[PDB]
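A short write-up of the structure that comes next.
The numbers here are math on the coordinates, done by the rules we state, and not lab data. With ideal geometry, Cβ positions are generated from the backbone for all residues, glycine too; neighbour counts draw on all protein chains shown.
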Amino acid sequence: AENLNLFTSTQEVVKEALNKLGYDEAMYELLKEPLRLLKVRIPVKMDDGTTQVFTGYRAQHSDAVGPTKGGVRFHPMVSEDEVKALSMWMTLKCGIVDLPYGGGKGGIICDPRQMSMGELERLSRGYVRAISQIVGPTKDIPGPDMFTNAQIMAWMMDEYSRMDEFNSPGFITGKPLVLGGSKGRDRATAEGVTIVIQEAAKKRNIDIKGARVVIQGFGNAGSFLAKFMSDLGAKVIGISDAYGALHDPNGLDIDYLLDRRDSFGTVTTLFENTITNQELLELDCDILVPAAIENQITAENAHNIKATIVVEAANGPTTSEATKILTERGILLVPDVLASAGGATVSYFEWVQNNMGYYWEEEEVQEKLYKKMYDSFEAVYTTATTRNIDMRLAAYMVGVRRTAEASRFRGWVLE
Amino acid sequence: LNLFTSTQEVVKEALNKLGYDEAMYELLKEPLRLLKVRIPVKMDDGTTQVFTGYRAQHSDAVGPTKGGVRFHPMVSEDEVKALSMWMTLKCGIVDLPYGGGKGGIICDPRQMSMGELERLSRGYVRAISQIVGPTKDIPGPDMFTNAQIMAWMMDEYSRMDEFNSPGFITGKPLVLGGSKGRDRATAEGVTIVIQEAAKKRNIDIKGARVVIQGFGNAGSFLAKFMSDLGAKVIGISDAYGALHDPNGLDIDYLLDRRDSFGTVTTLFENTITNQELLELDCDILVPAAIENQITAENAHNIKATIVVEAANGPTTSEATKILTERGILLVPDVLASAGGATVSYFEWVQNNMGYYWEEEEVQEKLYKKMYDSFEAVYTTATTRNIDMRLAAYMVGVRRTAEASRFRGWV
Amino acid sequence: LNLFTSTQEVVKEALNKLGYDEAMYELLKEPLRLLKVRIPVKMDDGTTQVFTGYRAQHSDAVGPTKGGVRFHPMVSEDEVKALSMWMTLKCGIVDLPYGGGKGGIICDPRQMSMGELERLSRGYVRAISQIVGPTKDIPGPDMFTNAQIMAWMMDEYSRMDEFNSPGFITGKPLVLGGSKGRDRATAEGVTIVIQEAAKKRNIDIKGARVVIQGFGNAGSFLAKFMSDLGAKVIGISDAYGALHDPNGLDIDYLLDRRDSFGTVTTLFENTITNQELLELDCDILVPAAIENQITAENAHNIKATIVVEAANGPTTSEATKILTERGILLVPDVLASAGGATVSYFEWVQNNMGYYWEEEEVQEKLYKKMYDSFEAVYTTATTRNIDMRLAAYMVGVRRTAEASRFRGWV
Ligand SMILES: NC(=O)c1ccc[n+]([C@@H]2O[C@H](COP(=O)([O-])OP(=O)(O)OC[C@H]3O[C@@H](n4cnc5c(N)ncnc54)[C@H](O)[C@@H]3O)[C@@H](O)[C@H]2O)c1
Ligand SMILES: NC(=O)c1ccc[n+]([C@@H]2O[C@H](COP(=O)([O-])OP(=O)(O)OC[C@H]3O[C@@H](n4cnc5c(N)ncnc54)[C@H](O)[C@@H]3O)[C@@H](O)[C@H]2O)c1
Ligand SMILES: NC(=O)c1ccc[n+]([C@@H]2O[C@H](COP(=O)([O-])OP(=O)(O)OC[C@H]3O[C@@H](n4cnc5c(N)ncnc54)[C@H](O)[C@@H]3O)[C@@H](O)[C@H]2O)c1
């Protein structure tokens, strides 16, 4: 078999990152588990008047660099291991992009598609009331993640604000603009993924105009990224869905698909001639972008991948043995910790704007975002080729450095 | 020679020339709050040693108070009170929303271990935490404290608070919210004040004759900075002697041959005295050694157009008056060295937003502050026909006097 | 943890590999003599201050002891003891008729006038005169001391003798019997060891690839020397980064962009990291910056045929084993830096004769001393199949242990 546990696999790279950086075993012991993990039971009155109690998680990986940052996930597969690994990745993202953050993450075991608007609101208010003692603008700043959105952020912001007895926009990011959100929040992730595609393309000497790209997933990341790739002149040879995939060697009509895709990012069920997801990962292209879920590139298929570049818009799409197979095959892997930092970057700008009470325009957010994604790409890429290591390990090296140095400076690990 | 009563006389003469009344002096002649504490520390040998600590807050009329903490065997109450007042003047000269603060512990840090200094740093924050914080009173580094001590003090304050409060204290390491451009900021400010004094006397640096006293951290950097401006550095000096070249010294040679303790006179046979170095004919004299170097004894002998004080307190009171009525443009230390307080303030602003500037941006922001402060003091000096030191004190105190009146305290 | 006990461990392992008994380590693990004196000094204010001084004489089996005097607030009895033992090891490595000595005074020379330091210097000679002298124990400069302090101590001792005793003390001004060819003696010494290490590996220096880490005092000097001999210096660095040119970096141009802290990197920002600087493929790597740069994580990837430590402790013990296992010729810092002691010795010899050598003659003799030492350590390391750092230690202790046995002390 292969190790598919998101948590223990992430631990192993962090351990190697910290050893290559020269730290003592105690720094791996301090960073391998979140400093705080709160598990909570949340009762919600359901539309039929009965009560359901939901299990929720809030993980705070490390406090050392500043308040922890990370989204909240509503899914029936939310586990404590996933929430921790997600939380550790947010530490590394924030490090790579140099934010005064540590990593946080949250999750609630629920099926949100089976719940009404009112039930979602009461679940969201309960979650904030359950965890409020350890979160806030100066402690831990949640945000959206898949299946949670601006309306849920608005509800959670409202509930936190009523408890404080004053508006706290800085508690949570991904807010609507009228609630103190930021320009650029919707396209931030895919816009960040587009920048590392362009930078990876330059390394490999691929012209984007005419480049064959394939995208697994058609949600916020996938569908925004397809639009960006399309009117950048790339041919989006295939897009994917929780239910199937589409393939066109001329490149797909992305506008046509965006017009018919639902809020949950599914569009494949409209077509008869579908292709499987395992086929989509394997078709010949220049850029493969996994932007769906975790562990889609494994040991069973990492040899069959034909892209020259694969960039991880999604969290944890490729496994440890896949990364080693890919890098041995000469692929330019751009790890998720790098490629998706665009969403954490813009979420941080939202927070900065909330701290000052003053708000930035699109062009200013885009300007500051591009600087960060550009400079942070060179950092990880230069580290990989200078230490003769794979790109993920190098991104972990770049991302864990601030947290380790802060934990040292503060006295958490001595010597 | 008592610092504190001497500091009071500075405040009194400045409030009096500004036109404020006796009540205003009485409000400002002592800190509003002075906290004396006793900090037990578990020492590495298992005994408890108990240390005396101080935290003075002079006036918070203008904003939270600001000032560093020092660990010295000779720290006293009067020392901390006086320096908190000087911090008030320093902040106002460069127009910060800050009153003056100051702290000290009676200890010999060089005789204590790492673990003892950390435990004493933590116990200090515990002892005073009820009157300090990002919105109340912001400490910073000083004598025998550095970024690591700031880092321990911040961690302690943030644990007490149950959240990160990087704005509690300045001088932090970068990874804890420290500010880029912090190490050079004081010396860069002397560089601006030197170039701004030069324009006031229409003295082009390139080819100008400049002599600097001292060759350590401040003096090395100032001799190199003017030598690359094309200026002729005809004199530099040591604790042991001085060097004189009417054609300009080869600063890069001296720089190369100096030892790690700011000595270089010792290598040389032909050598002139420090007292003769100060009396050299030149355009810019920059004392960067030690105090009471220009006194009533040689004040009529120095023949420089411009005297910028890089050392603290190198010109005595009577010598300052002799210099001004010989037409000499004297830039006081409390203005010349205000780059360090300005960048402390920049660090605290970054902690308030949660957003951090690039070095080029801190420099840009640092330059204007110095350029602006120099002009405020220079204009007050010349409008009121006073020396620039008293004018600097006046610019230093007037915001606190204005704020105290507006808020109803007088 | 602690330097003295760590220095005891070095002497123990060397005597063990040479084959001596536990008695020889019992004789050498502490200095034969250790004099702790109290020195009263009249201060400029008229009060008296009483300072603590130390003089350590490790072993006079081979001859009079030799070692410098430092004036530092952190001087401790264990530090003076340990450094005297290091002076034995140094004097051994370069085969001097000396044993190890050292002194220290607990003071802050930064808070003392020129007159206070002179009176302290004379009071220290007075306080230890009974056990030092040209034929017993020969001091020299060190931290915060210099040729002026050596001139004062030589005068005090001569006054005490009732005749001129220049060989009491080295580092003197030339006009009092100091040596020519002294100023860059340590740096010239590294230069000799680099060339001699290069000829061992049959490497033509005149086209060799040289990487230097550090660009202050030592790095700037070594780079210009290698550049001049025809070597291509393909890398240099400072605290803020590194530069890389595969064909030669053009040192003369970089030495002109230096900023007085030894920084050149900030001006380019087409820069490489320090980590990459150290793993660049080359013939001669020279860490002349800080310490712990070559480590267990680093050492497997360094690509230089030869590594010459021009700083103290830049290679760890773990790393030292690895470079030795990979067949890299490592010159330890305790050997590469022995030129300062060698030229100290030459000053003493000239004092003994009353006859003084030209710069060229001091250089010729320095080269032969450094070549012979390099050859001796290389032969011990190669013959016993051990790393050069342990071999250096062994050459350094060998003479004292052979003399201690011969004279009956064990
Ligand atoms: N935190 C954020 O705001 C944010 C934004 C963009 C991306 N991401 C990360 O990237 C990934 C996608 O996030 P999103 O916001 O785009 O999600 P989303 O919920 O908006 O859309 C998910 C997409 O993946 C598809 N999908 C689900 N299971 C699939 C499967 N087995 N095979 C193929 N497609 C499948 C869905 O049908 C939909 O097309 C996640 O790992 C997420 O954490 C996060
Ligand atoms: N960057 C700045 O401009 C700056 C910042 C802070 C403080 N200072 C002040 O500058 C002075 C020196 O600070 P530093 O960091 O350069 O110190 P340092 O100890 O690094 O250098 C001091 C220099 O002054 C010389 N010196 C000592 N006593 C002397 C004497 N009696 N006569 C002549 N020279 C003498 C020393 O030999 C040395 O060359 C102090 O008064 C200090 O308060 C300057
Ligand atoms: N004052 C003290 O207590 C003390 C302590 C040790 C040594 N010293 C003395 O200081 C002198 C040091 O000479 P030097 O040649 O080392 O010069 P230096 O210290 O003036 O400059 C050293 C160089 O190393 C650089 N550097 C610093 N950190 C670096 C890093 N991580 N990577 C790469 N480069 C880095 C510096 O920027 C500079 O370029 C000697 O005389 C020595 O005896 C004094």
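Mind sorting A:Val178, C:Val69, C:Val132, C:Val190 by how few other Cβ atoms lie within 10 Å of their own Cβ, fewest first?
Working: A:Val178 7, C:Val69 30, C:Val132 23, C:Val190 27.
Fewest-to-most Cβ neighbours within 10 Å comes out as A:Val178, C:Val132, C:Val190, C:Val69.
List the residue ranges in chain A for DSSP H helices whose C-alpha atoms run 30 angstrom or more along the long axis and whose Kyte-Doolittle average is -1.0 or above.
Values: long enough: A:362-386 (35 Å, -0.93).
Counting only whole DSSP H runs, the qualifying helices are A:362-386.
By a straight-distance test (C-alpha under 15 Å), which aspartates and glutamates pair with A:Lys368 as possible cross-link partners, with residues fewer than eight away in the same chain excluded?
Qualifying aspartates and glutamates at Cα under 15 Å: A:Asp98, A:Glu191, A:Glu350, B:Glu358, B:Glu361.
Name the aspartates and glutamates eligible as straight-distance cross-link partners of A:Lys32: C-alpha to C-alpha under 17 Å, and not fewer than 8 places from it in the same chain.
Counting by Cα, and skipping residues close in sequence, A:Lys32 has these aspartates and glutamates nearby: A:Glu12, A:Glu16, A:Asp24, A:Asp63, A:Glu80, A:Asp81, A:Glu82, A:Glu405.
Rg to Rh ratio, segment A:251-346, alpha-carbon atoms and Kirkwood radius? Don't skip to the end; give the middle numbers.
Numbers: Rg = 14.4 Å, Rh = 14.5 Å.
Checking Rg against Rh, the ratio lands at 0.99.
Return P(r) of segment A:288-411 (all Cα-Cα pairs; 5 Å bins starting at 0; whole %; ordered from short to long distances).
Spelled out bin by bin, segment A:288-411 gives 2, 10, 17, 19, 17, 15, 10, 6, 3, 1, 0 percent.
Which of C:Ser260, C:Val211, C:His244 sits farthest toward the positive end of the charge dipole of segment C:178-273, with +1 on the Cβ of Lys and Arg and -1 on the Cβ of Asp and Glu?
Ranked along the dipole, the leading option is C:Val211.
Roughly what % of Cα-Cα distances in segment B:283-398 sit above 23 Å, to the whole percent? The partial results should precede the final answer.
Working: 2424 of 6670 pairs.
For segment B:283-398, the share of Cα pairs beyond 23 Å comes to 36 percent.
Could you tell me how many degrees, from 0 to 90 and to the nearest 10, lie between the Cα long axis of helix C:147-161 and the main elongation axis, the longest principal axis, of the Cα atoms of chain C?
Long axis of C:147-161 versus the principal axis of chain C: about 30 degrees.
Taking beta carbons within 10 Å but only from partner chains, what does the mean come to for residues B:254-261?
Details: counts 0, 4, 8, 3, 2, 6, 4, 8.
Averaged over the peptide's residues, the number is 4.
I need the phi-derived Karplus couplings for segment B:19-25: 6.51 cos²θ - 1.76 cosθ + 1.60, θ = phi - 60°, integer Hz, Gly and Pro marked x.
My calculation for segment B:19-25 gives x, 6, 9, 4, 3, 5, 5 Hz in order.
Given +1 on the Cβ of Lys and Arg, -1 on the Cβ of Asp and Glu, and no further charges, what dipole in debye does the protein assembly as shown carry about its Cα centre, rounded to the nearest 20? It would help to have the intermediate numbers written out before the result.
Values: 132 positive and 164 negative charges, 386 e Å.
Around 1860 debye, computed over the protein assembly as shown.
From other protein chains only, count the Cβ atoms within 10 Å of every residue's Cβ in A:396-408, then give the mean. Write down the numbers at each step before the final one.
On the way: counts 0, 0, 0, 0, 0, 1, 3, 1, 1, 4, 8, 2, 4.
For peptide A:396-408, the averaged partner shielding equals 2.
If packing is taken as the average number of other Cβ atoms within 10 Å across a peptide's residues, how do C:23-29, C:359-365 rank, most packed first?
C:23-29, C:359-365
Please list log₁₀ I(q)/I(0) at q = 0.22 Å⁻¹ for segment B:1-94, using the Debye equation with identical point scatterers on the alpha-carbon positions.
-1.15
Just need the relative contact order of segment B:32-129 here, percent rounded to a whole number, with Cα pairs under 8 Å and 6+ apart.
On the way: 195 pairs, mean separation 33.2, N = 98.
Dividing the mean separation by the residue count of segment B:32-129 yields 34 percent.
Listing C:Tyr240, A:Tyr396 from the residue with the fewest other Cβ atoms within 10 Å to the one with the most, what is the order? If you can, show how the numbers build up before the last one.
Numbers: C:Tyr240 13, A:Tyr396 31.
If I rank by nearby Cβ atoms, fewest first, I get C:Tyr240, A:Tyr396.
Between the helical axis of B:114-128 and the dominant principal axis of chain B, each derived from Cα atoms, what acute angle in degrees is found, rounded to the nearest 10?
70
What value, in deg cm²/dmol to 500, does the helix sum -39500 (n - 2.57) over DSSP H runs of n ≥ 4 give at 222 nm once divided by the residues of chain A?
Helices in chain A give a 222 nm mean residue ellipticity of -14000 deg cm²/dmol.
For the residues C:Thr316, C:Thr383, what sequence is obtained by ranking on other C-beta atoms within 10 Å, fewest first?
Working: C:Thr316 18, C:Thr383 9.
Ordered by Cβ neighbours within 10 Å, fewest first: C:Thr383, C:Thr316.
Per DSSP helix of 4 or more residues, -39500 (n - 2.57); summed, then divided by the residues of chain B. What does that give at 222 nm, rounded to the nearest 500?
Working: 14 runs with 181 residues, N = 410.
Mean residue ellipticity at 222 nm (helix-derived): -14000 deg cm²/dmol.
Evaluate E = 1/(1 + (r/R0)^6) for B:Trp409 and B:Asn292, where r is the Cβ-Cβ distance and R0 equals 30 Å; express this FRET efficiency to the nearest 0.05. Show your work: numbers first, answer last.
Working: r = 36 Å, r/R0 = 1.21.
After rounding to 0.05, the efficiency reads 0.25.
So what's the projected area for the protein assembly as shown, the Cα convex hull averaged over all directions, in nm²? If you can, show how the numbers build up before the last one.
Numbers: hull surface 213.2 nm².
Spelled out: convex hull of the Cα atoms, projected over all directions, averaged, 53.3 nm².
To the nearest 10 degrees, how steeply does helix B:339-353 sit against the main Cα axis of chain B, on a 0 to 90 scale?
40
Which pairs in the list A:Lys15/A:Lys324; C:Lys102/C:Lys172; A:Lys93/A:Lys371; A:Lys84/A:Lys105; A:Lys203/C:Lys232 are over 19 Å apart, alpha-carbon to alpha-carbon?
Numbers: A:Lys15/A:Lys324 17 Å; C:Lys102/C:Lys172 17 Å; A:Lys93/A:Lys371 15 Å; A:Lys84/A:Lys105 7 Å; A:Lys203/C:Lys232 30 Å.
Over 19 Å apart, Cα to Cα: A:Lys203/C:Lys232.
Which of the chymotrypsin sites (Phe, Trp or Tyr not before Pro) found in segment C:325-375 are loop residues per DSSP with 13 or fewer other Cβ atoms within 10 Å of their Cβ? Kindly include the intermediate steps, with their values, before the conclusion.
Working: sites: C:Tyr345, C:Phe346, C:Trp348, C:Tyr355, C:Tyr356, C:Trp357, C:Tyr367, C:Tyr371, C:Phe374; in loops: C:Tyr355, C:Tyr356, C:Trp357.
Passing sites in segment C:325-375 are C:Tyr355.
Note the direction-averaged projected area, equal to a quarter of the hull surface, for the Cα convex hull of segment B:160-283, in nm². Don't skip to the end; give the middle numbers.
Values: hull surface 42.1 nm².
Orientation-averaged projected area of the Cα hull: 10.5 nm².
In segment B:191-302, with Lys and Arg counted as +1 and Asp and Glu as -1 at Cβ, which of these residues, B:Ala223, B:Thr271, B:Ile192, has the Cα nearest the positive end of the dipole, that is, farthest along it?
B:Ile192
What nm distance separates the two modelled labels at B:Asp245 and B:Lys365, each placed 7 Å from Cα along Cα→Cβ?
The two pseudo-label positions are separated by 4.1 nm.
Assigning unit charges at the beta carbon (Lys, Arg +1; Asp, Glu -1) and nothing else, what dipole magnitude in debye, to the nearest 20, does segment B:222-375 show about its Cα centre?
Numbers: 10 positive and 26 negative charges, 54 e Å.
For segment B:222-375, the charge dipole is close to 260 debye.
Quick one: among B:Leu329, B:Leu35, B:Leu176, which has the greatest mean-square fluctuation in a GNM of chain B with alpha-carbon springs under 10 angstrom?
Per the Cα network of chain B with a 10 Å cutoff, B:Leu35 tops the list.
What's log10 of I(q)/I(0) for chain C at q = 0.06, 0.12, 0.14 Å⁻¹, Debye sum over Cα points only, no solvent?
After summing over all Cα pairs, the log10 values are -0.25, -1.00, -1.28.
Share of Cα-Cα pairs in segment C:273-332 beyond 14 Å, in percent?
Summing the P(r) of segment C:273-332 above 14 Å gives 45 percent of all pairs.
What are the semi-axes of the equivalent ellipsoid for segment A:107-196, taken as the square roots of 5 times the Cα gyration tensor eigenvalues, largest first, in whole Å?
22, 18, 12
When we measure straight from the Cα of C:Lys42, which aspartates and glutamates land under 14 angstrom away, once same-chain ones fewer than 8 places off are left out?
Filter leaves C:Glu116, C:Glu118.
Less than 10 Å Cβ to Cβ from B:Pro109, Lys/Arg counted +1 and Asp/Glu -1: what total charge do the surrounding residues give? Don't skip to the answer; put the middle values down first.
Values: positive: B:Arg70, B:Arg110; negative: B:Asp108, B:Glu116.
Residues close to B:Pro109 contribute a combined charge of 0.
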